[PDB]
């Protein structure tokens, strides 16, 4: 039985306040922390901020925290909910909020309680969190699937200077035999990339962005990709490391066109690309580079552009701001045939049950599911267990630098170690990891 629900303000990887929740039962105290993205999708569940310009640059979470302590806590504890029944737990929270986008209590107030309950349930059942998550999601009993980690080793767009418009350049060691090996491989590539970057761009560029990847002033995507290839080759892993991209195109969508030079206040408008033109650009990058996944290639509501490209893409197309981990928007994407992979972010919807639901609807439509962190992370490692429990075979949780990233990757090492022979590495089959 839950005897107490408590929330407090803590700091995320960017040094901005966020909500941390603790749920107390006879098994102990279970903690969960909420992540925070930047320039979030317009359709994401509401992240509640104080707005007090004299406190935390106006990014305080006192209101959210109060909502947990003075609203959810007393009601939740009095309801005597069975934490093992995740659906009951989240129906109560959703019903207490009463709004569609959780704007009353705030998604960052609800999620904490939702996630902490699942940890309390796992302990009650005396099983590893990923096992309980698998039960909650009706995943295969075995074999468990270790995911291929897509490491954002090079940042562009809003996460760096230069003209480079694309936001994320990831490497995925699909050629590894185990997660431990993929992670080793990934770190080696990353160190080779950092040394090359400092040598060609200087110490300044050698420094890392919010997710731990290098952020040199790159001019073009081809320049970035060639650097990634050189790093892979230098590391000795050519043929075993693939590339993933997060274009975050909504960032440069203007007048039905895409400005690949949106960082230049004097960008040539005659050079802005239309949907079909931006699609051809991706094709040229795909033909020259080992790209196996492309996230948000088009705007969050530019459905026709997504559908056109999907006709000939030929590789995993991941929807992030387009779907915002929302089953209602996922249905639309499926009907319009806009993509075939969901970037799953629990804080984009607000509850674990809804997130699991988004994943099931995706798999049911033949889609892949890439579990993801947010640009603003914490020492919390929930998504590590979540990606194993959902057996997706793929996760995006940062570069192999900065511990809000390594915390998850290290957790995956412990899970793999613990699973022993009761597990397989997604490898080349990451897209359909759940079918493994």
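Numbering follows the first chain given and starts at 1.
Would 261 to 269 or 276 to 284 have the larger average of its C-alpha temperature factors, as given in the entry?
It is 261 to 269.
Hey, which bit's got the bigger mean C-alpha B factor in the entry, 413 to 421 or 9 to 17?
If you average the C-alpha B-factors of 413 to 421 and of 9 to 17, the larger mean comes out for 413 to 421.
From 374, 391, 43, 405, can you pick the one with the highest C-alpha B factor in the entry?
So the option with the highest C-alpha B-factor is 43.
Given 184, 357, 199, 131, the residue at which the Cα B factor reaches its maximum:
The listed residue with the largest C-alpha B-factor is 199.
Which third of the chain does residue 55 land in by C-alpha B-factor: lowest, middle or highest?
Within its chain, residue 55 is a highest-third residue by C-alpha B-factor, going by the deposited values.
Taking the values exactly as deposited, rank residue 244 by C-alpha B-factor within its chain and report the matching third: lowest, middle or highest.
Its C-alpha B-factor, which the entry lists for residue 244, ranks in the middle third among residues of this chain.
When the modelled residues of the chain are sorted by Cα temperature factor, does residue 361 land in the lowest, middle or highest third?
Lowest third - that is where residue 361 ends up once the chain's C-alpha B-factors are sorted.
Within-chain third of residue 4 by Cα B-factor, per the entry
As the PDB entry reports it, the C-alpha B-factor of residue 4 lands in the highest third of its chain.
Using the temperature factors of the C-alpha atoms in this entry, rank residue 318 within its chain: lowest, middle or highest third.
Lowest third of the chain for residue 318's C-alpha B-factor.
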